[PDB]
Amino acid sequence: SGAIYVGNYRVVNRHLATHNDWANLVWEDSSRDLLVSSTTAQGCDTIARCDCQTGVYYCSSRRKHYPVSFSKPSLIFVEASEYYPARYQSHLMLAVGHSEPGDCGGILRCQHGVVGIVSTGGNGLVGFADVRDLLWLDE
Ligand SMILES: CSc1cn(C)nc1NC(=O)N1CCC[C@H](C(N)=O)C1
Ligand SMILES: [Zn+2]
């Protein structure tokens with residue numbers, strides 16, 4: 001679990017969104033596993049606006065942060081699960097790192113701010129749903 005709080009927005013993995021998230025929906029994209037909902041309070045997370053390929057992510061299954069090199073956002077095939085059939089997930093970045101399903105939501109950050117959230121894994125790899133292209137999170 002985990003979310004990004006910036007302005008009047010909350011960003012979560014779409015597969016982990018709540019009834020409140022869906023009843024306060026701004027935008028959602030199943031192909032990216034993202035869902036953004038509105039909030040009453042003001043969030044102060046800075047979103048990175050960069051092309052960084054290095055950063056640090058929070059791994060809840062180890063109660064530890066890990067430094068990673070990660071790939072450019074792209075269309076990567078993702079196995080079927082209880083939330084989605086087998087499909088290509090877009091805007092996904094992979095890195096060599098430990099992850100388990102409950103890790104989804106963990107933030108990935110570089111020196112410029114929040115890069116994205118843990119969204120996929122398996123086989124000694126971890127995938128992050130990129131949010132840097134969502135410029136409207138600031139306006
Ligand atoms: C949840 S990350 C993970 C780590 N391991 C070992 N296995 C993992 N499971 C996954 O990759 N997914 C299950 C939850 C939804 C994900 C998606 N975005 O389609 C796919
Ligand atoms: Zn950066």
# chains A, B, ... in the order shown; residues from 1 in each chain; ligands from 1
>>> residues_near_ligand(ligand="ligand 1", cutoff="7 Å", atoms="only C-alpha atoms and all ligand atoms", output="PyMOL selection string")
chain A and resi 15+33+78-79+81+83-84+99-104+118-123+126
>>> residues_around(residues="residue 8 of chain A", least_positions_apart="2", cutoff="10 Å", atoms="only C-alpha atoms", output="list in words")
residues 5, 6, 10, 37, 38, 39, 40, 41, 42, 43, 44, 137 and 138 of chain A
>>> write_last_selection(atoms="N, CA, C and O atoms", output="PDB file, in the first residue's frame")
ATOM      1  N   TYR A   5       0.441  12.354  -2.397  1.00  0.00           N
ATOM      2  CA  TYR A   5      -0.396  13.474  -2.022  1.00  0.00           C
ATOM      3  C   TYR A   5       0.206  14.790  -2.515  1.00  0.00           C
ATOM      4  O   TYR A   5       1.166  15.266  -1.909  1.00  0.00           O
ATOM      5  N   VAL A   6      -0.341  15.376  -3.600  1.00  0.00           N
ATOM      6  CA  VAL A   6       0.124  16.655  -4.160  1.00  0.00           C
ATOM      7  C   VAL A   6      -1.064  17.570  -4.477  1.00  0.00           C
ATOM      8  O   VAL A   6      -1.932  17.224  -5.289  1.00  0.00           O
ATOM      9  N   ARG A  10      -4.743  12.745  -4.699  1.00  0.00           N
ATOM     10  CA  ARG A  10      -4.181  11.522  -4.124  1.00  0.00           C
ATOM     11  C   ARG A  10      -3.981  10.558  -5.314  1.00  0.00           C
ATOM     12  O   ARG A  10      -4.893  10.385  -6.093  1.00  0.00           O
ATOM     13  N   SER A  37      -7.540  10.637  -7.311  1.00  0.00           N
ATOM     14  CA  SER A  37      -8.774  11.129  -6.721  1.00  0.00           C
ATOM     15  C   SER A  37      -8.544  12.478  -6.003  1.00  0.00           C
ATOM     16  O   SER A  37      -7.410  12.854  -5.732  1.00  0.00           O
ATOM     17  N   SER A  38      -9.622  13.227  -5.743  1.00  0.00           N
ATOM     18  CA  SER A  38      -9.529  14.527  -5.087  1.00  0.00           C
ATOM     19  C   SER A  38      -9.488  14.391  -3.567  1.00  0.00           C
ATOM     20  O   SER A  38      -9.964  13.403  -3.013  1.00  0.00           O
ATOM     21  N   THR A  39      -8.914  15.378  -2.890  1.00  0.00           N
ATOM     22  CA  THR A  39      -8.810  15.369  -1.430  1.00  0.00           C
ATOM     23  C   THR A  39      -9.226  16.729  -0.875  1.00  0.00           C
ATOM     24  O   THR A  39      -9.078  17.745  -1.553  1.00  0.00           O
ATOM     25  N   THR A  40      -9.668  16.755   0.377  1.00  0.00           N
ATOM     26  CA  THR A  40     -10.050  18.001   1.032  1.00  0.00           C
ATOM     27  C   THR A  40      -8.826  18.780   1.504  1.00  0.00           C
ATOM     28  O   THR A  40      -8.849  20.010   1.512  1.00  0.00           O
ATOM     29  N   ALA A  41      -7.783  18.078   1.957  1.00  0.00           N
ATOM     30  CA  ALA A  41      -6.575  18.715   2.466  1.00  0.00           C
ATOM     31  C   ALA A  41      -5.516  18.924   1.373  1.00  0.00           C
ATOM     32  O   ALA A  41      -5.562  18.269   0.331  1.00  0.00           O
ATOM     33  N   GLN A  42      -4.553  19.836   1.611  1.00  0.00           N
ATOM     34  CA  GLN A  42      -3.481  20.126   0.660  1.00  0.00           C
ATOM     35  C   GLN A  42      -2.226  19.230   0.851  1.00  0.00           C
ATOM     36  O   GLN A  42      -1.654  19.185   1.938  1.00  0.00           O
ATOM     37  N   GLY A  43      -1.803  18.567  -0.221  1.00  0.00           N
ATOM     38  CA  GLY A  43      -0.607  17.728  -0.228  1.00  0.00           C
ATOM     39  C   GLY A  43       0.615  18.507  -0.678  1.00  0.00           C
ATOM     40  O   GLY A  43       0.499  19.416  -1.503  1.00  0.00           O
ATOM     41  N   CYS A  44       1.786  18.153  -0.171  1.00  0.00           N
ATOM     42  CA  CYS A  44       2.995  18.912  -0.497  1.00  0.00           C
ATOM     43  C   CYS A  44       4.095  18.096  -1.146  1.00  0.00           C
ATOM     44  O   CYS A  44       5.258  18.526  -1.120  1.00  0.00           O
ATOM     45  N   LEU A 137      -0.934  17.488 -12.344  1.00  0.00           N
ATOM     46  CA  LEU A 137      -0.882  17.272 -10.904  1.00  0.00           C
ATOM     47  C   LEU A 137      -0.467  18.577 -10.158  1.00  0.00           C
ATOM     48  O   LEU A 137      -0.720  18.696  -8.966  1.00  0.00           O
ATOM     49  N   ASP A 138       0.120  19.566 -10.869  1.00  0.00           N
ATOM     50  CA  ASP A 138       0.521  20.856 -10.315  1.00  0.00           C
ATOM     51  C   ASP A 138      -0.468  21.993 -10.627  1.00  0.00           C
ATOM     52  O   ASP A 138      -0.558  22.936  -9.840  1.00  0.00           O
TER      53      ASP A 138
END
>>> closest_residue(among="A:13, A:25, A:97, A:132", to="residue 61 of chain A", atoms="only C-alpha atoms")
A:97
>>> residues_near_ligand(ligand="ligand 2", cutoff="9 Å", atoms="only C-alpha atoms and all ligand atoms", output="list in words")
residues 48, 49, 50, 51, 52, 53, 54, 55, 109, 110, 111, 112, 113, 114 and 115 of chain A
>>> select_by_dssp(residues="chain A", states="alpha helix (DSSP H)", output="list in words")
residues 19, 20, 21, 22 and 23 of chain A
>>> write_last_selection(atoms="N, CA and C atoms", output="PDB file, in the first residue's frame")
ATOM      1  N   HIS A  19     -13.469   2.790  -2.218  1.00  0.00           N
ATOM      2  CA  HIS A  19     -14.763   3.293  -2.680  1.00  0.00           C
ATOM      3  C   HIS A  19     -14.716   4.821  -2.707  1.00  0.00           C
ATOM      4  N   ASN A  20     -14.090   5.440  -1.693  1.00  0.00           N
ATOM      5  CA  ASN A  20     -13.936   6.890  -1.586  1.00  0.00           C
ATOM      6  C   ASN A  20     -13.139   7.445  -2.774  1.00  0.00           C
ATOM      7  N   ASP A  21     -12.054   6.751  -3.188  1.00  0.00           N
ATOM      8  CA  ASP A  21     -11.244   7.111  -4.362  1.00  0.00           C
ATOM      9  C   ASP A  21     -12.109   7.139  -5.615  1.00  0.00           C
ATOM     10  N   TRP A  22     -12.935   6.109  -5.815  1.00  0.00           N
ATOM     11  CA  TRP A  22     -13.786   6.012  -7.007  1.00  0.00           C
ATOM     12  C   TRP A  22     -14.970   6.997  -6.986  1.00  0.00           C
ATOM     13  N   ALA A  23     -15.444   7.347  -5.785  1.00  0.00           N
ATOM     14  CA  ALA A  23     -16.551   8.298  -5.626  1.00  0.00           C
ATOM     15  C   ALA A  23     -16.077   9.782  -5.651  1.00  0.00           C
TER      16      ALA A  23
END
>>> residues_around(residues="residue 88 of chain A", least_positions_apart="5", cutoff="7 Å", atoms="only C-alpha atoms", output="list in words")
residues 75, 76, 77 and 78 of chain A
>>> closest_residue(among="A:128, A:108, A:134, A:1", to="residue 58 of chain A", atoms="only C-alpha atoms")
A:108
>>> atom_distance(atom1="atom CA of residue 11 of chain A", atom2="atom CA of residue 34 of chain A")
7.0 Å
>>> select_by_dssp(residues="segment 78-117 of chain A", states="strand (DSSP E)", output="JSON, numbers by chain")
{"A": [78, 87, 88, 89, 90, 91, 92, 93, 94, 95, 96, 107, 108, 109, 110, 113, 114, 115, 116, 117]}
>>> closest_residue(among="A:59, A:17, A:47, A:66", to="residue 131 of chain A", atoms="only C-alpha atoms")
A:47
>>> atom_distance(atom1="atom CA of residue 60 of chain A", atom2="atom CA of residue 94 of chain A")
17.6 Å
>>> residues_around(residues="residue 90 of chain A", least_positions_apart="4", cutoff="6 Å", atoms="only C-alpha atoms", output="list in words")
residues 31, 32, 74 and 75 of chain A
>>> write_last_selection(atoms="N, CA and C atoms", output="short mmCIF file (atom, residue, chain, number, x, y, z; two decimals), in the first residue's frame")
data_model
loop_
_atom_site.label_atom_id
_atom_site.label_comp_id
_atom_site.auth_asym_id
_atom_site.auth_seq_id
_atom_site.Cartn_x
_atom_site.Cartn_y
_atom_site.Cartn_z
N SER A 31 -4.48 0.73 -18.19
CA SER A 31 -3.23 0.34 -18.86
C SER A 31 -1.98 0.83 -18.08
N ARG A 32 -2.12 1.81 -17.19
CA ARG A 32 -0.99 2.31 -16.39
C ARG A 32 -1.09 1.89 -14.92
N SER A 74 8.02 2.55 -20.42
CA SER A 74 7.67 1.84 -21.65
C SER A 74 6.53 0.82 -21.46
N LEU A 75 6.10 0.19 -22.58
CA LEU A 75 5.07 -0.84 -22.64
C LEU A 75 5.74 -2.17 -22.34
#
>>> decode(residues="segment 71-124 of chain A", atoms="C-alpha atoms", output="compact mmCIF listing (two decimals), in the first residue's frame")
# COMPACT_ATOMS: atom_id res chain seq x y z
CA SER A 71 14.64 1.85 -17.25
CA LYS A 72 12.83 4.53 -19.34
CA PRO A 73 8.96 4.39 -19.13
CA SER A 74 7.67 1.84 -21.65
CA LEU A 75 5.07 -0.84 -22.64
CA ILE A 76 6.02 -4.04 -20.77
CA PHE A 77 3.97 -7.25 -20.74
CA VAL A 78 2.49 -8.08 -17.31
CA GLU A 79 1.17 -11.56 -16.37
CA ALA A 80 -2.50 -12.09 -15.46
CA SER A 81 -3.54 -11.43 -11.79
CA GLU A 82 -6.78 -11.22 -9.71
CA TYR A 83 -7.00 -7.51 -10.82
CA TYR A 84 -6.10 -7.69 -14.53
CA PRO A 85 -5.90 -10.14 -17.47
CA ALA A 86 -2.49 -10.64 -19.21
CA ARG A 87 -1.66 -7.26 -20.91
CA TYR A 88 0.98 -4.58 -21.76
CA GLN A 89 1.23 -1.96 -18.96
CA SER A 90 2.36 1.40 -20.34
CA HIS A 91 4.54 4.05 -18.65
CA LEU A 92 6.31 1.28 -16.62
CA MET A 93 9.98 1.39 -15.52
CA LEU A 94 11.86 -1.76 -14.36
CA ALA A 95 14.77 -2.12 -11.93
CA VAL A 96 16.72 -4.97 -10.28
CA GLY A 97 15.20 -5.02 -6.80
CA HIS A 98 13.20 -6.97 -4.28
CA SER A 99 9.41 -6.63 -4.26
CA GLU A 100 6.27 -8.55 -3.19
CA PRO A 101 2.54 -7.64 -4.04
CA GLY A 102 1.94 -5.66 -0.82
CA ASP A 103 4.86 -3.42 -1.88
CA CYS A 104 2.64 -1.63 -4.48
CA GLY A 105 2.23 2.03 -3.51
CA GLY A 106 5.82 2.45 -2.28
CA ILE A 107 7.25 5.72 -3.61
CA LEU A 108 10.23 5.94 -6.01
CA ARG A 109 12.13 9.25 -5.73
CA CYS A 110 15.19 10.93 -7.33
CA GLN A 111 16.90 14.25 -6.30
CA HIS A 112 14.08 16.15 -8.12
CA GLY A 113 11.18 14.56 -6.17
CA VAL A 114 8.52 11.80 -6.63
CA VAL A 115 9.12 9.74 -9.80
CA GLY A 116 6.36 7.14 -9.41
CA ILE A 117 5.02 4.21 -7.39
CA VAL A 118 5.71 0.45 -7.12
CA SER A 119 3.24 -1.31 -9.40
CA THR A 120 4.71 -4.68 -10.71
CA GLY A 121 7.47 -7.24 -9.79
CA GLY A 122 8.57 -10.84 -9.84
CA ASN A 123 11.82 -12.70 -10.66
CA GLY A 124 14.21 -10.35 -8.79
